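S.K.: After the structure tokens below, expect a handful of questions from me.
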Amino acid sequence: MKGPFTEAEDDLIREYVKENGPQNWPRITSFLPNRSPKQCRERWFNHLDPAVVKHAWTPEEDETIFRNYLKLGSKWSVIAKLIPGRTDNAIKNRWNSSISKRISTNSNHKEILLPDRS
DNA sequence: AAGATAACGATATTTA
DNA sequence: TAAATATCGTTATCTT
């Protein structure tokens, strides 16, 4: 199977983990025979886990992601370790869709992040 | 549509 | 070295 997960699916995962843990991902074929370990792991870490955060993007967060992108590259795994609860893919999305297109000039000539308007 | 967010596919990095 | 998992660009899928 491919494409977005069903709440039924999300349940098999939560079971597996609760049961075995979030690691021996290949043998999670024992459940959801139609979904790669690869894709299940991903669903957990990025979308199911207790730690994933759900509130909108605080401009604080935006600042952080920005400030490091300037110094570091697109080293998201690293940045996702600096913003508690936000995964690495989440950040990757924040920058490409929002933060990327609101960078700007300053008058001591150093880029500054505009505040979004959505 | 434009504005986000979720998942794919290829590849690199960690681990036992 | 190999099998397991972690990372990242691109893309498929919402959401507004």
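Each answer follows from the model by the rule given with it, or from the source it names; these are not laboratory values. Counting neighbours? That spans all protein chains shown, and the Cβs are built from the backbone with ideal geometry, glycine included.
S.K.: Right, A:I13: without any contact (Cβ under 8 Å) to a residue 40 or more places away in the chain, surrounded by 13 or more Cβ atoms within 10 Å (Cβ to Cβ) and assigned to a helix (DSSP H, G or I) or not? Full working, then the answer.
M.R.: Numbers: without any contact (Cβ under 8 Å) to a residue 40 or more places away in the chain: yes; surrounded by 13 or more Cβ atoms within 10 Å (Cβ to Cβ): yes; assigned to a helix (DSSP H, G or I): yes.
So A:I13 fits the description; yes.
S.K.: Hey, A:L48 hits all of (1) surrounded by 14 or more Cβ atoms within 10 Å (Cβ to Cβ); (2) under 30 Å from A:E111 (Cα atoms); (3) within 11 Å of DNA strand B (Cβ to nearest atom) but one; which does it fall short on?
M.R.: In the conditions (1) surrounded by 14 or more Cβ atoms within 10 Å (Cβ to Cβ); (2) under 30 Å from A:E111 (Cα atoms); (3) within 11 Å of DNA strand B (Cβ to nearest atom), A:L48 misses (2) alone.
S.K.: Is there a residue being more than 12 Å from DNA strand C (Cβ to nearest atom), exposed (fewer than 11 other Cβ atoms within 10 Å of the Cβ) and outside the structural domain of A:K101 (by CATH) anywhere in the range A:33-40? Give the derivation first.
M.R.: Let us first name the residues in the range A:33-40 that are more than 12 Å from DNA strand C (Cβ to nearest atom), namely A:33-35.
If we keep only those that are exposed (fewer than 11 other Cβ atoms within 10 Å of the Cβ) too, we end up with A:33-34.
Then drop every residue that is not outside the structural domain of A:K101 (by CATH), which leaves A:33-34.
Yes.
S.K.: If I ask for residues that are near DNA strand C (Cβ under 7 Å from one of its atoms), basic (K, R) and over 10 Å from the mean Cα position of the chain (by Cα), which ones from the range A:75-107 would you list?
M.R.: A:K75
S.K.: Could you please let me know if A:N106 is away from DNA strand B (no atom under 14 Å from the Cβ) and among the polar types (S, T, N, Q)?
M.R.: Working: away from DNA strand B (no atom under 14 Å from the Cβ): yes; among the polar types (S, T, N, Q): yes.
Here the answer is yes, as A:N106 does meet what is asked.
S.K.: With respect to A:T87, is the statement that it is polar (S, T, N, Q), closer than 28 Å to A:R102 by Cβ and surrounded by 15 or more Cβ atoms within 10 Å (Cβ to Cβ) true?
M.R.: Values: polar (S, T, N, Q): yes; closer than 28 Å to A:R102 by Cβ: yes; surrounded by 15 or more Cβ atoms within 10 Å (Cβ to Cβ): yes.
Yes: the conditions hold for A:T87.
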